[PDB]
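**Q** Sharing an experimental structure here, sequence included.
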Amino acid sequence: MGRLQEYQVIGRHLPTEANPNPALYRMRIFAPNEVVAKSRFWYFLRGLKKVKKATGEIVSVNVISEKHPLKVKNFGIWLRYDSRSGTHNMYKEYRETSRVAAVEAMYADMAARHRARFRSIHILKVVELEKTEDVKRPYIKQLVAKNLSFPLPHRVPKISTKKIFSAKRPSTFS
Amino acid sequence: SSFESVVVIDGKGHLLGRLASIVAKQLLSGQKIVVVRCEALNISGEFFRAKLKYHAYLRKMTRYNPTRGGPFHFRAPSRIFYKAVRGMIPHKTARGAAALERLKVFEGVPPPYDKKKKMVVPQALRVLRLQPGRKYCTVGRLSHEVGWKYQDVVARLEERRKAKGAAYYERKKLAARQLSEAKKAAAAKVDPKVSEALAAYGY
Amino acid sequence: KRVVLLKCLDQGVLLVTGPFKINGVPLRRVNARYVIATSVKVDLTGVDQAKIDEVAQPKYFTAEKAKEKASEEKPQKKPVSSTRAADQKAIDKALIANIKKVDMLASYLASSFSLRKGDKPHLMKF
Amino acid sequence: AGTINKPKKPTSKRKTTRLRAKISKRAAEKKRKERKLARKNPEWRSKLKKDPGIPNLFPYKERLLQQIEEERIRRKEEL
Amino acid sequence: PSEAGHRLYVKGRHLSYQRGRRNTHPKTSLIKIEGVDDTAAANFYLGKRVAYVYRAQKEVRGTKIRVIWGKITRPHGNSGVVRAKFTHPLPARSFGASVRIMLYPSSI
Amino acid sequence: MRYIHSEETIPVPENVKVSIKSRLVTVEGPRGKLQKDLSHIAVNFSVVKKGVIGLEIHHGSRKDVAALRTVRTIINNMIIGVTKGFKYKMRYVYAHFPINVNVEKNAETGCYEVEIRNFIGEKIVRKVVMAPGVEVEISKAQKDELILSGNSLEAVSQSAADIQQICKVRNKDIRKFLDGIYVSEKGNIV
Amino acid sequence: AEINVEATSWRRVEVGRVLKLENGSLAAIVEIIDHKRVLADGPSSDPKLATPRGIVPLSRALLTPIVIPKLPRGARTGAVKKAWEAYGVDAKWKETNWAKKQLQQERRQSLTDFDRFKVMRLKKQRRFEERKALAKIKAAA
RNA sequence: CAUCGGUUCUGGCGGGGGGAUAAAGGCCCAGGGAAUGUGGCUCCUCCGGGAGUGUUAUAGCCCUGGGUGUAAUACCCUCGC
RNA sequence: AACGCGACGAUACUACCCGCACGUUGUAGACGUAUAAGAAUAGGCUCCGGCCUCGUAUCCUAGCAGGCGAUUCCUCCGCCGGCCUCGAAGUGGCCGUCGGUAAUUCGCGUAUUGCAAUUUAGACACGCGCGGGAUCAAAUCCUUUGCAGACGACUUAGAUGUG
């Protein structure tokens, strides 16, 4: 859902006389910016603990960048989405180069295939498949095969949309 | 983008609505358009849907007097394309009428358009637009099934035109071959300084 | 036409010459907003800057204009002043001598410029 | 059916303003009525929600169960 | 003899006025310049002088040819169409007619 | 799901000569020559091994993968047709009125022509013209049997179906009136 | 079993296949992500043909006939550079007709008005000899 | 046309700051590991290539720590021309 | 189709045709208003060697809006005539004469439109002209007919006859 960045958001309850050192809660949140990241932090924290924004504070917001954005990786995402019936689990896999790109591909795929919006999807886990034996979806298993080489038949050539007329009928073989 | 005196378009392999939209925009911009071979135009979707749509068009007729005011249903592919273009132009104004006077549509390639350059529009070509596996049809088949009477005459005139074009093509091949031998012969007489300067300039 | 710039005057005016024997443009004033500067540059070595400044004097061209207009208004050519002709020759002798060294430059200056089909002024290099 | 050779009267998708306004008002009245019947509805409703659980095709479900069991033992030892 | 042309201008077509869907404003005109297909190409011809040349009936001051003068102000859209302002608004009948975009005033 | 690669194999015997150009299959054999236009299905042909034709689809869906089986069976049936041929034996049975079948070969059209007479005593004379390449004979070994032979399975089976459909009883009980011409045996000539 | 199959033969995307991007630079596929994107690295010494390592969409790339032979999958920039200088990808690209067309395009767009005039004059001078040769050819045969 | 003032649209360039003092990445150093197992060895063969073995060999990859390094670049903010 | 088209016959009159002689004549709008293979797109082109993303191409493009005289070249263009050819709404090829013609180089002229002001320049159609060649026609009212008809309209007949 947009150019997403992963943030660690650490927050806590406001210190009182009973608890001078309240517990810190850290979450990894995919959001377009820090305001949305803090909003999602307060939402997920209201879903789990007796802390809201008026009674708590944000200790830290940091950006978690990808360690190796130049390495092709397989990601398994376990998610829960809310439909007309209720909340359902989905396990999906994406062959991307970063967790953020995997999450954008996830959001586009769920919007395309199940009409699920950003407001109705909970990202529960995003993990890296260390071995290719952990890959379970056949559309990624056909990509992790040995000596994968394929042609590209029927490639429509890119002709400028401002050039209306051409004197040669284009070919679709390059 | 280039302004031309007249643009001759080959209707073969083109989609009706996309070609009509592009042609109508050119006509209202002020460009003379001549579209030929309207029987070879393409409509996406398989033939029964186009037949259904044209029969639904034929169903509509004025009740009290069918000789006036009613939808006049034309069975020619050229005037089917003309109807598609006319729906995309404000034809009830003087500007739209004058835009429509800049358009000519024909079945086949009548003379002297047979000896003129015919261009194609890549934004409306069926092979470049439709996904492989999708079905399509031709406007000429629909026209023949709804009442066009000159499918065979246009056809026979097209094999005559193609035979004459084949003879022209053998002549053009001979001319190109003699031009190549002339260039190879003249490469040994032109000044090497001139040749090097042209090669450095990009020619 | 293609001319040779000699001196930049004030308020956007330029002093140019053809040379006259090359393409027919004499010593003249133009405006800098109505010219295109071609990347080629003719050497001015041998051309006398004192006479360039004498032509670049403010009343070199506009003087006696009412006199030729009143004298000429069978049609007859307006006579070129001897000062103009002598300065024209004296400036353009060394200019033609410099131009004839570079190949095809005399023919390039004698020829006129015109836009052709496909010629896009926003993509050209001059 | 001989639809292709002889089509029938078309079904118009061009809705009327009367129909649009009436449909909108009936929809709003239905929403209010279902809210009233929801407030008056005597069917039992569980406070807790039956959680769907963890998918079987998640490859690290065993490691996640290890983590949950370890944290449970740690919490029991702390308590 | 010389076998060349004498064109020192770029061709253009007068498309329409500045308008919404319904309301048109004749004070500003839209011109499609030949070969200009984007805003970066239109930026070269911002500020150039554009002339609409037409022919009248009565010969006035030695000619039957009239000129409406104007100039290019700003690009329009993304496809190289430019906006122009003239001394008098161009005729509505000239939608699709030809105009001359000259190369002056020059920054080259 | 869009499958990256799917392939099928067709073995070719030594007598069979296969020429494929622009999805136009021409199969040559001891018995004759067959030709078919498979340009309506996106298939890439190759020679993966000496005497094996390889069918492949790249980036196709499940339907595009499944169509290769139809292509494989069609080309295999063409090979079987040019090698061994196809033969449909049909029987015509009657209750009271004997059915008269006369087989000729119209030479100007170059095709066989089957003429059926005296079906349920009807005075009409039914006539079926066969597809080119289909040879019809009256079997001398058995009683009231036609034999349709050819290299094209579609042509032979369609001609047999046309013979079976042209002799159909109307406005009568099919439990009581059992007459007609029926396809008895389907097999190969060799 | 005479089998005569004349079919299309596309170029294939694979580890070692050299791509030509829209800006004119070159890259090599080091790992295939999916059927629409690849991971590529252009470690060329020439700045014009160089491409930083990263994701290349296959829509914005062209399949060159140059394939680096025996290149491991996922090899880093040092290994791809070693294979590049070992195989001589730059020289084969210069021999490729695509780069000749691109070089002709740069030579045509880098012309000034004096250059265009000289091109016209020398082209007429060459055209004189070509016209004489064509007239001689048509007269003889 | 030139030099200005008010408003505004658009293009380029030179700096500064921040984050994991970006993350990467290149080149070195020290360990560890695996296969979509490189070389080698073995077995099948249509001898075109497959199958098995094992950790770099006649390819390489991944993980961890250190140096160049206060590296560059992206992004955000900002000073000007 | 009474604002679709074709063939044919006769065409008085300034009416018809040819040549140049020009338009305060008209044109949804000349400015190089240049460019014929067909066919396929999970395949094509070729000169048979190879080539194919790419029309970002090819042709043409210099001279008082383009002169005069040479040096030089046998290239390109145009008008006529002959022979063929072109019917989808009909036009190109070859040959021959004539005229023009920087592919190379040079001389003489360009000014003064004064620092920009459409570069009045093309095509088609129309009119007024002269100077020549060609041809001497019909329709309608009226009388009549009844194959027709409210009236118009329609079928006929009216010039020497088979009236």
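**A** Yep, that arrived. Numbering: from 1, shown residues only, chains lettered A, B, ... in the order given.

**Q** Are stretch B:153-166 and RNA strand I in contact anywhere?
**A** Yes - figure legend: stretch B:153-166 in contact with RNA strand I (C-beta under 7 Å from any atom of the strand); contacting residues B:154, B:157-158, B:160-162, B:164-166. Heads up, the C-betas are built off the backbone N, CA and C, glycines and all.

**Q** Enumerate the residues of chain A near chain F.
**A** The interface of chain A toward chain F, taken as C-beta under 8 Å from any C-beta of the partner chain, is made up of A:138-139, A:142-143, A:148, A:150-153.

**Q** Among the residues of stretch B:153-166 next to RNA strand I, which lie within helices?
**A** Of the positions in the residues of stretch B:153-166 next to RNA strand I, B:154, B:157-158, B:160-162, B:164-166 sit in helices, assigned by DSSP state H.

**Q** Which among the residues you listed count as buried?
**A** Burial of those was assessed by neighbour count (16 or more other C-beta atoms under 10 Å in any protein chain shown); the buried members are B:154, B:157-158, B:161.

**Q** okay if I get those as CSV plus distance to residue G:127?
**A** Conversion of those to CSV gives the following (distance: C-beta to C-beta, whole Å):
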residue, distance to residue G:127
B:154, 43
B:157, 40
B:158, 38
B:161, 34
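
**Q** Find the pair from those with maximum spatial separation.
**A** Across these, no pair lies farther apart than B:154 and B:161, at 10.1 Å, counting by C-beta to C-beta.

**Q** what's the overlap in contacts for those two?
**A** A shared contact of residue B:154 and residue B:161, defined by C-beta atoms under 8 Å, 6 or more residues apart in numbering or on different chains, is any residue touching both; here these are residue B:108.

**Q** quick one: contacts for residue F:79?
**A** Neighbour list for residue F:79: F:10, F:12-13, F:16, F:18, F:27, F:29 [criterion: C-beta under 8 Å, 6+ apart].

**Q** Quick check: of the residues of chain A next to chain F, which lies closest to residue G:104?
**A** For these, the closest approach to residue G:104 (C-beta to C-beta) belongs to residue A:152, at 27.2 Å.

**Q** Count the neighbours of the closest one for me.
**A** For residue A:152, the tally of surrounding residues (other C-beta atoms under 10 Å in any protein chain shown) stands at 19.

**Q** just to revisit the earlier point, please, a PyMOL command that selects the buried ones among the residues of chain A next to chain F?
**A** To isolate the buried subset of these in PyMOL, counting by 16+ other C-beta under 10 Å, use the following:
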select buried, chain A and resi 139+142+143+148+150+151+152+153
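
**Q** Can you flag which of the residues of chain A next to chain F belong to helices?
**A** Within the residues of chain A next to chain F, membership in helices is found for A:138-139, as judged by DSSP H.

**Q** if we can go back for a sec, please pick the buried ones from the contacts of residue F:79.
**A** Among the contacts of residue F:79, the ones that count as buried by 16+ other C-beta under 10 Å are F:10, F:12, F:16, F:18, F:27, F:29.

**Q** Any idea what the closest residue to chain F within chain B is bridged to?
**A** In chain B, the residue found nearest to chain F is residue B:132; the distance is 5.6 Å by C-beta to the nearest C-beta. Partner residues in beta bridges with residue B:132: residue B:134, with DSSP bridges as the criterion.

**Q** got the residue ranges for the strands in the chain?
**A** Using chain A here. A:5-13, A:24-31, A:56-63, A:73-82, A:87-96, A:121-128, A:150-151 (DSSP state E).

**Q** To clarify, I was referring to chain G.
**A** Counting by DSSP E, the strands of chain G are G:3-6, G:12-13, G:17-21, G:26-32, G:37-42, G:51-57, G:61-67.

**Q** Name the residues of the first one that are buried.
**A** Right, strand G:3-6. Buried residues in strand G:3-6, counted by 16+ other C-beta under 10 Å: residue G:3.

**Q** for that strand, packing partners?
**A** Applying 3 or more C-beta pairs under 8 Å, 6 or more residues apart in numbering or on different chains; DSSP states H and E, one finds that strand G:3-6 contacts strand F:17-21, strand F:44-49.

**Q** mind checking how far the longest one is from the chain centre?
**A** Its chain's C-alpha centre and that of strand F:44-49 lie 27 Å apart, by C-alpha atoms, centre = their mean, to the nearest Å.

**Q** what packs against that strand?
**A** In terms of contacts (3+ C-beta pairs under 8 Å, 6+ apart), strand F:44-49 is packed against strand F:52-60, strand G:3-6.

**Q** what about the longest one, near chain G?
**A** Same thing as strand F:52-60. Yes - contact between strand F:52-60 and chain G is present through F:53, F:59 (criterion: C-beta under 8 Å from any C-beta).

**Q** Could you check the angle that strand makes with strand F:44-49?
**A** Orientation check (axes from the mean of the first three to the mean of the last three C-alpha atoms, to 10 degrees): strand F:52-60 against strand F:44-49 gives 140 degrees.

**Q** ok, strand F:52-60: who's next to it in the sheet?
**A** Here strand F:52-60 is paired, per DSSP bridges, with strand F:3-11 (antiparallel), strand F:44-49 (antiparallel).

**Q** For it, output the C-alpha coordinates as PDB.
**A** Listed next in PDB are the C-alpha coordinates belonging to strand F:52-60 (Å, rounded to 0.1, in the frame of the first residue of the first chain):
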ATOM      1  CA  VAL F  52      10.600 -37.400 -31.300                       C
ATOM      2  CA  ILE F  53       8.500 -34.200 -31.800                       C
ATOM      3  CA  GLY F  54       8.400 -31.900 -28.800                       C
ATOM      4  CA  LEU F  55       5.300 -29.800 -28.000                       C
ATOM      5  CA  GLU F  56       5.800 -26.900 -25.600                       C
ATOM      6  CA  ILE F  57       3.900 -24.000 -24.100                       C
ATOM      7  CA  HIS F  58       5.700 -21.200 -22.200                       C
ATOM      8  CA  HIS F  59       3.900 -18.900 -19.600                       C
ATOM      9  CA  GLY F  60       0.600 -20.600 -20.300                       C
END
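
**Q** List the buried residues in the helix or strand following it.
**A** Following the chain from strand F:52-60 toward its C-terminal end, the next helix or strand by DSSP states H and E is helix F:62-83. By neighbour count, with 16+ other C-beta under 10 Å as the criterion, the buried positions of helix F:62-83 are F:64-65, F:67-68, F:71-72, F:74-75, F:77-83.
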